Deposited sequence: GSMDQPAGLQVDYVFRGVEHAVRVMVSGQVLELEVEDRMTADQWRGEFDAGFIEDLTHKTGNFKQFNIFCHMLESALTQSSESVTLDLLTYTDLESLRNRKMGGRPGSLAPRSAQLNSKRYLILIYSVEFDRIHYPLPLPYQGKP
């Protein structure tokens, strides 16, 4: 597995990704408050997601983009973490949405991954 510290809106978070076969496991944790948001996504779900943005990606390609954003080893992919306030403005209430932002010359695509609160 891969585990990195990543800063979302000033707050360092612990992020864990697990890719095993055709399923993607993701965990975001605020260590100070012990808050955790976790999501499980299979290849079918991911491809439905990327297709809906009009910028399709294979599941294995999406997972690599996700890792490249996390390790900050790629210039076109980045991460953000949105609350429920950010989404209803864009369109419990403890859910978070990890956004994979794909920025290239003629595209800016947002791939949203919903992470229920734990």
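Chemist: No C-alpha coordinates anywhere in a stretch? Then put that deposited-sequence range on the list, in order along the chain.
Modeler: Missing C-alpha atoms (numbering from 1) occur across the ranges 1-7, 99-115, 143-145.
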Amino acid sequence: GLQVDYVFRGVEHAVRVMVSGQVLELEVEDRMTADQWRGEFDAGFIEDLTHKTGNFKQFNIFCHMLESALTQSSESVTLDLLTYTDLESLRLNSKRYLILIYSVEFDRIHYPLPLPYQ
From here on, numbers count along this sequence of modelled residues.
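Chemist: Using only the Cα atoms and their B-factors as the entry lists them, report which of 7-15 and 92-100 averages higher.
Modeler: Stretch with the greater average CA B-factor: 92-100.
Chemist: Mean C-alpha B factor from the entry: is it higher for 18-26 or for 103-111?
Modeler: The recorded data point to 18-26.
Chemist: Of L82, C63, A43, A69, which one's C-alpha B factor is largest in the deposited record?
Modeler: Of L82, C63, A43, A69, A43 has the highest C-alpha B-factor.
Chemist: Based on the entry's values, in what third of the chain does the Cα temperature factor of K57 lie: lowest, middle or highest?
Modeler: Answer is lowest: the recorded C-alpha B-factor places it there.
Chemist: According to the PDB entry, is the CA B factor of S76 in the bottom, middle or top third of its chain, that is, lowest, middle or highest?
Modeler: Ranked within chain, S76 CA B lands in the lowest tercile.
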